[PDB]
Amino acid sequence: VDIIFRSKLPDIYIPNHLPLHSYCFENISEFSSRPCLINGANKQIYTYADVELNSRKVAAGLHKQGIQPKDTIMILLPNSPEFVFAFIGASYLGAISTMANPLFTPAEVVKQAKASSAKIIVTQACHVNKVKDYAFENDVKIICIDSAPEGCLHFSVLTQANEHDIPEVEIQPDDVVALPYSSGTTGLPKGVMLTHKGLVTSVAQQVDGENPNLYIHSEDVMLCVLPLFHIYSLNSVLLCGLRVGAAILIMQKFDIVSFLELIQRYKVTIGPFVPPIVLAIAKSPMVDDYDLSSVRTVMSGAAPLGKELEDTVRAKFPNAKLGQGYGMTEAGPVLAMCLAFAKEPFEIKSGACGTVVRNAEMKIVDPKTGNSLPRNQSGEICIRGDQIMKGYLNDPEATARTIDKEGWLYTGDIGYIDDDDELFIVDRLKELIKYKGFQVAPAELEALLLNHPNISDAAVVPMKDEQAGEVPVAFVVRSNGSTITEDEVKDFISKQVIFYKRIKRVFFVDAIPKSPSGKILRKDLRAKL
């Protein structure tokens, strides 16, 4: 029998039959006039009423541009009001948003645009060159938020539209609404189909209930420095923030001065961070010149924090509950959330990544045997519930390998649950690398390396790094007669990928350590490092 773990919080009613917009704005009449988005770039503020209305106008605009239910748009933007209006606008149409880093190479963007079948790309003028040729050849519309080059439209063509021109649509709970890309537990980035039902469930698991797991309310100011094109910010900052009527303070990029100035000046109360931000707070000499006493909740996720740094950063935020959460794109994303964040808080231990969310089930499985494990025994973390993905777009094989027929998602993370129902992550079984919380899929990098005519074999694995948590390093087997150097390998990769995917070290070997069956012994390579 599977040994099943659940939250210390009771299950709640979740209205996951509601479309995401209908759910997120369900209580909007209670905070219509309250600030919703604050753009750190220009200090422009949109109220809840403004955001709902602009989203509805954009929906009508998108429909006029040809977006039908189940069509997809690509958002290729930094954190911005336009990101939000495009995402929620598509939701109103029963359509799908795929989201991508605007700093991706042209090849990276176009690959995602093709895989997702994006009909419209929403971007900035400076990035039009990345997609222009592709878009022209395939009649994909380009909409720019600042200025529109030839063959492009301005975003105002969407906001000029009449909100009463949203077509009648029957959106189903299992309809897809968000399509972030993720490599999962092996291989290349794949399209994660997140549904109305799934996202409503995940948001509710965090912020709903008499005692919510993550207590946020309409007088909070939540910093949105994490990128909305990644699932952490999209779900736990934007969608959760909207649900409870909180103000969301948008930053386009991390800048330590801007970060501190904004926290102090806007009296930020919720700080959704990642470990490298926590590291910057612990290291920077200017932090002591700032008043950060407004912050009541500091969250870290996406990568391990580690007891030491966690304990330390409580000093810089004297009034804050500090804790970790644990997410994975395929999981909706939140698997576990710190119960110190609850309206009626629980005791926690440093180094834990939370307690499994309510209205969900977790098990811990020995990778060697397939047997479920009891408390205080490490194995592969698995979760099930209505919050998880529908599956991978056009990839039933990858879906079948990732979620079993009993509904269990296998995370590829190794951890244990203690006597207090706190989850601790101790290792990663899957090949995924995390650079500052960003996904780096070794399979992508290995594919590039293998296609170099002077490389015979390659393996990319994480190396521990203070600043980034992990950096990608490559083990390379040179082809016969090859003289390719570490720098030449690095440059070859550097010219083809976004900065965070860059190989930081190259180690040249006679053979890649492989199992008898020829699978890369990634754990062995990690051990060598």
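If you superpose the two forms and keep the largest set of C-alpha atoms that fall within 1.5 Å, you have the rigid core. Numbers for residues come from their place in the sequence shown, where the first is 1.
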item	value
Between 172 to 180 and 441 to 449, the one whose CA atoms sit farther away in 5 other deposited structures of this protein (rigid core aligned)	441 to 449
294 to 302 against 426 to 434 - segment lying farther from this form in 5 other deposited structures of this protein (CA RMS, rigid core fit)	426 to 434
Mean C-alpha B-factor comparison - 502 to 510 and 11 to 19, higher one	502 to 510
307 to 315 or 415 to 423, whichever carries the higher mean Cα B-factor	307 to 315
Residue selected from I96, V244, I381, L373 by maximal Cα B factor	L373
Highest recorded Cα temperature factor - choice among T47, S479, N27, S55	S479
For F341, the third of its chain into which the C-alpha B factor falls	middle
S350 CA temperature factor, ranked by third within the chain	highest
Entry-reported Cα temperature factor of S218, expressed as the chain third it lands in	middle
Among modelled residues of the same chain, the CA temperature factor third for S116	middle
Modelled-residue ranking by C-alpha temperature factor, third containing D175	lowest
